[PDB]
Amino acid sequence: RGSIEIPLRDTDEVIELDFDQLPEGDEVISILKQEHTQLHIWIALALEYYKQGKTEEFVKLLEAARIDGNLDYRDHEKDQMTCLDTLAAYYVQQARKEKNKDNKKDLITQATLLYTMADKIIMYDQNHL
Amino acid sequence: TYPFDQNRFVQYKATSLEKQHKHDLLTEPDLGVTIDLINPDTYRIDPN
């Protein structure tokens, strides 16, 4: 919403990040991953950043969420394919709002390569095609 | 022969042939909409 929950390792369900302020997304990766937090929260705060009106830090913090597919998660690789299809769609979406400086391929390369790892685990998603 | 003016210029103008043309809208080739199944976080299909 404006503050959803980030679970801890010990005495979980205690800490919050209020989204009315804008923290940097890289320290978010940290404060999530010292807590071995489930991959679902990475999608949830990505959606929080997107509903906060962000398309680029939103799409680059999830690149740091591409590392932790099944880190301590007990088969949340379904959650990693959901993570990676978001970049496979929003790299190619942010390539359409291209600017004067980069190329379209400057995002299409990352979209196409990450899609290949997206199809390593799962085939013919409703977003793969 | 007649000494015709070289008609290198438009003053009639061609505006009858011009504003009769209705102009296409091709700003975005998929017709001005971002095509996405992820940004519908909301849905009106719920009540109501």
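Using ideal geometry, Cβ is built from the backbone for each residue, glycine included, and neighbour counts are taken over all protein chains shown. Each value in this text was obtained by applying a stated rule to the coordinates, not by laboratory testing.
What to note about this one:
- Of the residues making up region A:51-59, one or more are assigned to a loop (DSSP other than H, G, I, E, B) and in contact (Cβ under 8 Å) with a residue 40 or more places away in the chain.
- Residue that is farthest from A:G53 (Cα to Cα) [pool: residues in region A:77-92 that are touching a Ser or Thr at 6+ places or on another chain (Cβ under 9 Å) and surrounded by 18 or more Cβ atoms within 10 Å (Cβ to Cβ)]: A:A88
- Hits in chain B (condition: under 14 Å from the mean Cα position of the chain (by Cα) and surrounded by 10 or more Cβ atoms within 10 Å (Cβ to Cβ)): B:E28
- Selection count, region B:30-43, where residues are more than 12 Å from every other protein chain (Cβ to nearest Cβ) and aliphatic (A, V, I, L, M): 1
- Some residue of region B:1-16 being part of a loop (DSSP other than H, G, I, E, B), away from chain A (no Cβ under 14 Å) and of a type in the set (D, E): yes
- Residues that are outside any loop (DSSP other than H, G, I, E, B) and more than 22 Å from A:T82 (Cβ to Cβ) within region A:1-29 comprise A:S3, A:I15, A:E16, A:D18, A:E27, listed in sequence order.
- For region A:95-124, the tally of residues that are in contact (Cβ under 8 Å) with a residue 24 or more places away in the chain, more than 30 Å from A:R9 (Cβ to Cβ) and buried (at least 17 other Cβ atoms within 10 Å of the Cβ) stands at 2.
- Test for B:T27: is it within 14 Å of chain A (Cβ to nearest Cβ), out of contact with any helix residue (DSSP H, G or I) (no Cβ under 7 Å at 6 or more places or on another chain), polar (S, T, N, Q) and assigned to a loop (DSSP other than H, G, I, E, B): yes
- Extreme residue, nearest to the other protein chains (Cβ to nearest Cβ), among residues of region A:72-129 that are in a loop (DSSP other than H, G, I, E, B) and among the aromatic types (F, W, Y): A:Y124
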